[PDB]
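Asks: fold the stuff below for me.
(6 chains)
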Amino acid sequence: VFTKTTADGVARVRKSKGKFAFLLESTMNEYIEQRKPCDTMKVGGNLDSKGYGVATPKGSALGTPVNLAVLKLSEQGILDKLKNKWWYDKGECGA
Amino acid sequence: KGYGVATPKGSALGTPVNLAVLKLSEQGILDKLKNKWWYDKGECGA
Amino acid sequence: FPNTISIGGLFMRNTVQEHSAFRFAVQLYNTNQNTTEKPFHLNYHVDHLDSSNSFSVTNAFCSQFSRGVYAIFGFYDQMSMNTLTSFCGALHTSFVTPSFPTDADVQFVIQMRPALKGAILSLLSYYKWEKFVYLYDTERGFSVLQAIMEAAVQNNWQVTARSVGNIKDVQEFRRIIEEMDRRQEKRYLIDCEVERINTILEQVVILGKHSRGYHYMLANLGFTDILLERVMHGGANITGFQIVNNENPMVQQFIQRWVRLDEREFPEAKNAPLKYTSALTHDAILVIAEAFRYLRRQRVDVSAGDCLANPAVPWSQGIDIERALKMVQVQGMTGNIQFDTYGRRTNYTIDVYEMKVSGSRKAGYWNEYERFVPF
Amino acid sequence: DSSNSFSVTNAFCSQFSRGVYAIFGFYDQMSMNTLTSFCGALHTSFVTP
Amino acid sequence: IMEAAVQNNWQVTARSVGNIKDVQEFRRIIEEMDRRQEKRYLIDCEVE
Amino acid sequence: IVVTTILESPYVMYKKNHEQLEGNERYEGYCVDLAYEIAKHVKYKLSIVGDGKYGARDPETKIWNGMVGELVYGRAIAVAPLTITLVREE
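Replies: Numbers count the residues shown, from 1 in each chain, chains lettered A, B, ... in the order given. Take a look:
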């Protein structure tokens, strides 16, 4: 049941006629849910909690400015509008 | 949003506390505590 | 064949135990009662060098050459290697030495110290050391450094080489270690002297760079002369190389008869661990005795002037003595002893020791053909 | 030849036996010690650039 | 240079290049110096 | 400033006619926009990681690959879907 690539798992889900379910990261599931032919969906809640971060070398002079910049972008709603832009505004399955 | 464990600036406990939080996250202890105090002690059931 | 052969000895500073082993080995050969084992008497003329004044080194070498010797056992360092090697090669006088093997292919000198190059390369290949920090000094030659560079080029390694020979401040060592840990370097190959290795280990202990996540490969014979207790208690992997086996019956007998010697007559013997250079000295005495016994057996006519003669005519019996010294196959305290045409050891086994918290354990052995058969 | 200490010693001793008041010459990192020691021990000056 | 650096509190990246025979080692040294944003070089080496 | 990223939609993409495009203008996606905003707040040059991996430690040789290895060994900031994990945070 393990697949070599995510695309293989998505194709297996689509061709199994409902007899295969793929376990994958929620972000990529939500992205694939907005792509043609619009025949897959995300069900249930997340099984754990993870976060994507911006990474810098240990001891870098950019670590604190980058952390503060990410925080500013979070409270200005820019992260949310970027995710909306690249997931749903450019989605090809509609709202 | 997120909840964090706060520490004074430049304190020696910041890195150990951050690593401890991450390692509790990997082991599933944080989710276990969340379930224990939200649903195990819940008054409504499933 | 002469009834009494006299050799020369060139001992530099901090060679008290080596001199004691030399005297004890000559005495052991002399006190043998078997006529076949002792067909001649062996004498020695011992001189102490300075290693910083080439004039004094040349004076001692020429005094030994003028008094009349058939071979010259001795030690050299980076400051006295060239003079002794060149004089021995030009005057056709054999130089049996436990010191580091010469980088260049030169004649009339027998370096019976097995090269760590092959063992180090085999251990790097076996341990998957595709990225490590090579801390080296040039006090024992450039063969190991050149071999590491060539192996890195061929195998596409990620060796970061640092020359710590000229470092005189421990803060430089601490800065180097901190910088290397910033890049997540967990493997260190330290090809340095015993004292420099001790200093580096003290610095890694001070910085706490000795937990179970670090591996240190000490590329230096003399694994028993390195202070390793604190690093052992830390839990870091330690790999070392040795040439003397304590379970060898010959070594056991030598130690049994060696720790029962008068301190005032054999200094640094009883209340002192046996250095591998002492074993090399004893095996060199064995090699010289075997070679001259072979020369007597074949009825080879062997039987002095001044160093600086123009033209410098060599005494013709040196070729036969060198050939006899380079064909010996003898079992000594370091195991099998054979030499090639350049006087370097062949068929030598280097014991690889892995050291853990319980103690040092013999992880295996390396040979030129079997290529580090594990245990 | 600086790489051969025997040749350096031969040259220096030939010049010394010939009879000189000073030696002008060059030394490398290998032949510096030999020439310096021989000049300082025989009380003969060595002028070097 | 070392005594002046410890006395005057300098940041000197000391590298011995006298045992280097491959020019790729020089290339790597220059690249890793530039990645640290090093602009000033003191080269005490032979003419070659 | 070298910004290491990984080609994974919708985070980093090639634009449709990136043959005529050059530099950073041949890239599109969430992480390109995020790097632009971060650069405004805090100059750079996107560098798609060569091996195409996120970053992991080899158990045998202890070498970091991917973007984490690009950061550790001084070759690159990493604006990409890189999960925050205990092993990486060290």
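Asks: which secondary structure element contains residue F:80?
Replies: strand F:78-83 (DSSP states H and E).
Asks: contacts for that strand, please.
Replies: A:27, A:50-56, F:3-6, F:8, F:11-12, F:31, F:34-35, F:38, F:54-55, F:67-68, F:70-71, F:88 (CB atoms under 8 Å, 6 or more residues apart in numbering or on different chains). Placement of C-beta: from N, CA and C, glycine included.
Asks: how does it look with 6 Å?
Replies: A:50, A:52, A:54-55, F:3-6, F:11, F:31, F:34-35, F:54, F:67, F:71 (CB atoms under 6 Å, 6 or more residues apart in numbering or on different chains).
Asks: pull out the buried members of those.
Replies: Using 16 or more other CB atoms under 10 Å in any protein chain shown as the burial test, the contacts of strand F:78-83 include A:52, A:54-55, F:3-6, F:11, F:31, F:34-35, F:54, F:67, F:71 as buried.
Asks: now, these that are in helices?
Replies: Mapping the buried ones among the contacts of strand F:78-83 onto helices (DSSP state H) picks out F:31, F:34, F:35, F:67, F:71.
Asks: just the closest of the contacts of strand F:78-83 to residue A:66, please.
Replies: Closest approach to residue A:66 among the contacts of strand F:78-83 (CB to CB): residue A:54, at 5.6 Å.
Asks: show me where chain A has strands.
Replies: A:52-55 (DSSP state E).
Asks: can you tell me the centre-most residue of it?
Replies: residue A:27 (1.8 Å; CA atoms, centre = their mean).
Asks: leaving out the residues flanking it, which one is nearest to that residue?
Replies: Nearest non-adjacent residue to residue A:27, counting by CB to CB, 6 or more residues apart in numbering or on different chains: residue F:81, 7.2 Å away.
Asks: and residue C:138, by the same measure?
Replies: Counting by CB to CB, 6+ apart, residue C:165 is the residue found nearest to residue C:138 once chain neighbours are left out, at 5.5 Å.
Asks: that neighbour contacts residue C:135, correct?
Replies: No. Applying CB atoms under 6 Å as the test, residue C:165 and residue C:135 come out as separate, 9.8 Å apart.
Asks: look at the two and report which has more neighbours.
Replies: Taking other CB atoms under 10 Å in any protein chain shown, residue C:165 and residue C:135 do not tie; residue C:135 has more neighbours (26 against 16).
Asks: enumerate the residues of chain C near chain D.
Replies: Listed as neighbours of chain D in chain C under the rule CB under 6 Å from any CB of the partner chain: C:53, C:54, C:55, C:82, C:83, C:86, C:87, C:90, C:308.
Asks: can I get these in TSV including secondary structure, neighbour count and distance to chain B?
Replies: Shown next, in TSV, are those (DSSP: H, G, I helix; E, B strand; the rest coil; neighbours: other CB atoms under 10 Å in any protein chain shown; distance: CB to the nearest CB, whole Å):
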residue	secondary structure	neighbour count	distance to chain B
C:53	coil	19	55
C:54	helix	25	56
C:55	helix	19	60
C:82	helix	22	53
C:83	helix	24	57
C:86	helix	21	59
C:87	helix	24	62
C:90	helix	19	65
C:308	coil	17	69
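Asks: name the nearest of the residues you listed relative to chain A.
Replies: Checking these against chain A with CB to the nearest CB, the nearest one is residue C:82 at 45.9 Å.
Asks: tell me the contacts of the closest one?
Replies: residue D:5.
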